[PDB]
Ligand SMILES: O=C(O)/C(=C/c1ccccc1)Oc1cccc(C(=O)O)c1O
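Single chain ahead, written as structure tokens, the form deposited without the ligand.
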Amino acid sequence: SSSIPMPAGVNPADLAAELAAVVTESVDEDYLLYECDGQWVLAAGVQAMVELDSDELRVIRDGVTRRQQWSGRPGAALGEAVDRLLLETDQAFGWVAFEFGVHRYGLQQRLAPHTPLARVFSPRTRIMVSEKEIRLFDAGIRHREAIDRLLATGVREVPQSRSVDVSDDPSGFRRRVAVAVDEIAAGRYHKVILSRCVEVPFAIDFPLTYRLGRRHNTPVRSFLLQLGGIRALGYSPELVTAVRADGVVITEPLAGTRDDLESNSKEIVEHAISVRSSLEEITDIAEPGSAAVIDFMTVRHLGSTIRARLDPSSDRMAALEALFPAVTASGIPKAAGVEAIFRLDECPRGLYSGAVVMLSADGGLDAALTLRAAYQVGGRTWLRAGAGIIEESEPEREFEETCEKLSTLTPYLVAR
């Protein structure tokens, strides 16, 4: 490591995002910026890439692709490969698709071939930005020069945003909600989350947009990425899993949102069910006795925090797998909710309702639930937002709730 104190009057998110823009202009490299506990970590460059797909795992280093057959749990396959990366570097970063959480409910055979489950990479360089300092790991000369240039000029002003209409319902979200409700009435499941996609008809600047949104959102984690043809940014509302080096496993389910919240029976029940659900799953991977709800049904939303100690027969990937996908983005019971999503949502979800991850050689894992994000693939730019569906839900109300959820990003999109 090296370091260079943070200039006063400069916000770490803005600076980290600018650095992402700057390094991109000069070196034209892939990156992932992850915000975690006051540290904005820019993982710059891909030294080695792990691609996990439904049919194959690939490790790509220096343009050389090494393909792998895998069977069993996706977590084991991802885990084995990632552990290898972590022999050479301290951290690895990436995203996990929603579809990583399909084998667990037996739904894998429904995936098309070459369906992406995770992309995890070890970076060439790491730059960490906190209010206190800027830390450099394995920064070469262009990277050093790039930081210097940024520090020398300081951040660009964010241009004004360009609006998008989210009123159109091309995917029949209203119709699909109606269908889900009938099934719920019919006892197929209690809850399911469904979503819609709102195309953005103009290109956006991802780093400038991420900065604008960040000012106006307060998330558990945030991310900006340019990774393998995918561009994305997001302020994750929820922590799916964290594993500490000492083996403490944390998960933080949230079933609150829109006093009345703390007393509302519907919200209370919905929450209690997730907490109980998280506990059971965490129980699968936990040292016997260790699992506890340390904060319960506290309003933050309504959130609880569940703790456990990872069992020695178990590992970080298995813990993520056990907790995947999050209830908040699937439904109850989880197997039925997931199956319903396959039928009733536009798949494959990919990054939506998945996780963005940071892993460490010390056994660390940090996984954040991906909602409130924007994406660019191909020439396609879009947003995705969803709602929880229960027997009582009405489609028009649900449509507006997605609208509300999309207003986290809609006012803040900078073009280019």
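Residue numbers here begin at 1 and follow the sequence given. Rigid core (definition): largest C-alpha set, two forms, superposition within 1.5 Å.
Missing here is the form solved in complex with the ligand; even so, the following discussion is about that form.
**Message:** Let me test this: is every residue among 152, 154 and 339 within 4.5 Å of the ligand in the deposited bound form, going by heavy atom positions?
**Reply:** Not one of the three qualifies.
**Prompt:** Any idea which of 96-104, 312-320, 157-165, 265-273 reaches within 4.5 Å of the ligand in the deposited bound form, heavy atoms considered?
**Reply:** Answer to the contact question: 265-273.
**Prompt:** Is residue 145 close enough to touch the ligand in the deposited bound form, meaning at least one heavy atom pair within 4.5 Å?
**Reply:** Answer yes; at least one heavy atom of residue 145 falls within 4.5 Å of the ligand in the deposited bound form.
**Request:** Report yes if any heavy atom of residue 26 sits within 4.5 Å of a heavy atom of the ligand in the deposited bound form; otherwise report no.
**Result:** Contact check for residue 26: yes, within 4.5 Å of the ligand in the deposited bound form.
**Asked** Quick one: does residue 190 come within 4.5 Å of the ligand in the deposited bound form, counting heavy atoms only?
**Response** Output for residue 190 is yes: heavy atoms within 4.5 Å of the ligand.
**Asked** Do residue 141 and the ligand come within 4.5 Å of each other in the deposited bound form, heavy atoms counted?
**Response** Residue 141: yes, in contact with the ligand in the deposited bound form.
**Prompt:** Of the residues 219, 333, 247, 228, which one places a heavy atom within 4.5 Å of the ligand in the deposited bound form?
**Reply:** None of the others qualify; the residue that does is 333.
**Asked** Which residue in 266, 132, 84, 215 stands out, with a C-alpha shift of 2 Å or more between the shown form and the other one when both forms are set on the rigid core?
**Response** Meeting the 2 Å or more criterion is only 266.
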